[PDB]
Structure formats: C-alpha cells, structure tokens
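Novice:
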Amino acid sequence: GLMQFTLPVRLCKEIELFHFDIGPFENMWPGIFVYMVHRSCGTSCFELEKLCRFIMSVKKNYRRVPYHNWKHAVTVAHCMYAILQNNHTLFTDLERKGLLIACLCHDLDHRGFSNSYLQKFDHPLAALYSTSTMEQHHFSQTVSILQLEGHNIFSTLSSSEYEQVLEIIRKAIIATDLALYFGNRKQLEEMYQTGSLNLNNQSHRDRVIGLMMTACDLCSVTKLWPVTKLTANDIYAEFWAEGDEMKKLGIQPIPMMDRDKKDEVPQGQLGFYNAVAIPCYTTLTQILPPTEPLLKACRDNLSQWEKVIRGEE
Ligand SMILES: CN(C)CCn1nc(-c2ccccn2)cc1NC(=O)c1nc(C2CC2)ccc1Nc1cncnc1
Ligand SMILES: [Mg+2]
Ligand SMILES: [Zn+2]
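This is the structure in structure tokens:
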C-alpha cells in the first residue's frame, strides 16, 4: 500500500511523454508497467502480489518474435498510459484499470504471422475464429491467465464491475485488428463532423476506445526517428518471414512481405502513414485534443521517410 515504484529521474520525466522509449533493459519493463498502473489508476487498483504474478505470466506467454513481443506489449501499454494521463477526467475508474491491462495483453502468444497467413496455412485457430483470428486468441489467453490461481487482479471488483472490465478488455483487444480500424475511424469521422459524437453513448465510447487501441498499437510510428526506423526493421523481419512461409505454401506474397522487394519499403511506409497512421492520429486528436503530440511525431516520421526516398538519407 505505502510501497511506491519510483524510476530514475530521466525515466520519471520522459515516461510522461508520448514519444518515450521503454529502453533495452527487459528487467525494468514490469516495474515501468506497475509505475504506470500506480500513477494512472492508484496504489490501490490491484493487489501488488497479484499484479506482479499476472505481469510475469503475461510476459511468459509472449514469444521471442522480432516485433510482436513483450517489449511491444509494454510499449503499447505506455502509449495508453500517456493518452489516459493527458485526458484525466474523460475516463472512468474501470476504463483506466481495463485499458492498461488490455494493452499489456493485446498480442498474447502472437506467432509473428498475420490473420491472412493463419487462414491460408489453415491453422486450427482460423477454424475456431473465422475473423479477428489472433485477436480472439489474445483475449482468450488473457482470460486463461486471469483464471490461473493467485492471478485474478480484478477479484476485489463487484460481479458487475468484473463483467464490465472483461467486456472493456475484449472490445479493446478485438479493436487491435487493423481490418476493423478503417470502418471504425470513418464512423468516428462522420460522428465528430456531423456533431453526433457523444461520450455518454456507450457504443460511442467503445468506438473511441477502439481508436485509442489502434493509436497505441501503431505508436512505434510516433517515436523519435531513430526508434521508429529501428522498430521498422523488426516489423519487416516478421513480414519477410511471413512472405517466406507464403512462398513455401506456393503463394507469391504481397510486396510488403517479399524480402526480394526491400527497395519498395520507403514507398510502402508512405502508403502506410498516409492510408493508416496519419488518419488514425488525426481523428484521435480531433476527439482527444491533448493526443496531438502523436499526430505531430507521426508527421515528423512521414517527413523522414519522404527524405529517405529523395536520397537525403
Ligand atoms: C498495416 N499493414 C498491415 C499494411 C500497410 N503497410 N504497407 C507496407 C508496405 C507495402 C509495400 C511495400 C512495403 N511495405 C507496410 C505496411 N505496414 C507497416 O509498415 C506496419 N504495419 C503494422 C501493422 C500491425 C501490422 C504496424 C507497424 C508498421 N510499420 C512500422 C513502422 N515503424 C515502426 N513500427 C512499425
Ligand atoms: Mg495484434
Ligand atoms: Zn500489437
């Protein structure tokens, strides 16, 4: 109760900023997460014994893949922390509880392959979950870990608060399926423009929480150029492995996944920032003005990829 987590001064200051990188020391990431839960939620939200045990089980169930790994989980949770801390009064006690945990759990047991590769491989998960294959799996894994003895961090909630938080987490994790993002942002665009957006409407909050989840999930494009550039290598390491596996199934992969087409990456990053990232953080800033720094950083990095094409780097 009277035990705080404290960070070194540089982290204590830099963790509050959207562009914070969690660093290369794996053994500090759990404490970083707890630090963020205590400041975002309270010293009281979770039994520390239970939280710590949950955190290490979740870690254990992320795999040693180049991008969709434990560092990604904590990175995405930190971006949610920054959004929540810059939008204090907009979010309920349960939502701050649910969303940090949703972010930490959102890619549990990711194998480094897209839902498309699972479908074409005919993976058993593709027969169990026809759409949002991995995302339904990640939520399923979150519930399994919560039901490990001594792991139920939500035990102190009423029955109804419990059903609400697991519902917040389920919707939150499903929303990380980028195939659902396009329609979600367009609906939020019309609502904001026509003025029908209403955060007291639960179906509306759901959509807004989903956009936050896309924003946190894509947040590697909102870091300083050197972080963003070096994370790009990790995402492409998976994409190329997935392309290799498509060739093994006798299917020419899209250029994004073809390691024989590295030359097309700068242009592919332009398409990605223009088609996906810039619209995401634009709509998010319109709805949640204090999240503007993510849009600004995303723009700085689009400009960095333009310079790569032009030959200036
Ligand atoms: C959203 N995509 C699935 C389709 C669009 N697209 N097209 C190309 C492309 C097209 C043609 C040629 C080369 N590339 C590449 C992308 N996507 C990403 O780059 C990307 N995707 C994701 C989503 C989880 C999957 C996350 C991060 C990404 N980037 C990144 C950059 N910096 C740091 N961290 C991450
Ligand atoms: Mg995912
Ligand atoms: Zn993710």
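Position 114 (the sequence shown) corresponds to 571 in PDB author numbering; numbering is contiguous.
Every residue gets a Cβ at the ideal spot worked out from N, C-alpha and C, and that includes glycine.
Hey, is residue 535 close to ligand 3, as in C-beta under 7 Å from one of its heavy atoms?
Specialist: no
Novice: Are residue 514 and residue 602 closer than 8 Å when you measure CB to CB?
Specialist: Contact: yes.
Novice: Which residue's Cα is closest to the Cα of residue 772: 761, 753 and 617?
Specialist: Because the chain here runs from 458 to 770, residue 772 falls outside it and cannot be looked at.
Novice: Anyone know if the C-beta pair for residue 770 and residue 574 falls short of 8 Å?
Specialist: No, the Cβ-Cβ distance between residue 770 and residue 574 is not below 8 Å.
Novice: To the nearest angstrom, how far is the alpha carbon of residue 556 from that of residue 725?
Specialist: 31 Å
Novice: In the DSSP assignment, the alpha helix (DSSP H) including residue 737 goes from what residue to what residue?
Specialist: 735-744
Novice: Within 10 angstroms of its Cβ, does residue 592 collect 16 or more other Cβ (buried), or is it exposed?
Specialist: buried
Novice: If we count the other Cβ atoms within 10 Å of its Cβ and call it buried at 16 or more, is residue 664 buried or exposed?
Specialist: Counting Cβ neighbours within 10 Å, residue 664 comes out buried, since at least 16 surround it.
Novice: Is the closest heavy atom of ligand 2 to the C-beta of residue 633 under 7 Å?
Specialist: yes
Novice: Shorter than 7 Å, the distance from the beta carbon of residue 563 to the closest heavy atom of ligand 3, or not?
Specialist: yes
Novice: Tell me the DSSP secondary structure of residue 604 in three-state form.
Specialist: coil
Novice: Taking the straight line between their C-alpha atoms, what separation do you get for residue 484 and residue 516?
Specialist: 11 Å
Novice: Compare the Cα-Cα distances from residue 568 to each of 468, 527, 584 and 676 and report the closest residue.
Specialist: 527
Novice: Residues in the same chain with beta-carbon distance under 7 Å from residue 723, minus the five sequence neighbours each way, listed in chain order, please.
Specialist: 762, 765 and 766
Novice: How far does the alpha helix (DSSP H) with residue 485 in it reach, from first residue to last?
Specialist: Segment: none, residue 485 is in no alpha helix (DSSP H) and carries neither H nor E.
Novice: Which word fits residue 642, buried or exposed, when buried means at least 16 other C-beta atoms lie within 10 angstroms of its C-beta?
Specialist: buried
Novice: Give me, in chain order, the residues of the same chain whose beta-carbon lies closer than 6 Å to that of residue 674; leave out the 5 immediate sequence neighbours on both sides.
Specialist: If you ignore the 5 residues before and after residue 674, its C-beta comes within less than 6 Å of the C-beta of 533 and 633, all in its own chain and listed in chain order.
Novice: Under 8 Å, with one C-beta from each stretch per pair, do the region 652-661 and the region 472-482 reach the 3-pair mark?
Specialist: In short, these stretches do not touch, since the Cβ pair count stays below three.
Novice: So what's residue 723 in DSSP terms, helix, strand or just coil?
Specialist: Residue 723: helix per DSSP, three-state reduction.
Novice: Compare the beta carbon distance of residue 564 and residue 529 with 8 Å and say whether it is the shorter of the two.
Specialist: Taking a C-beta distance under 8 Å as the contact criterion, residue 564 and residue 529 qualify as a contact pair.
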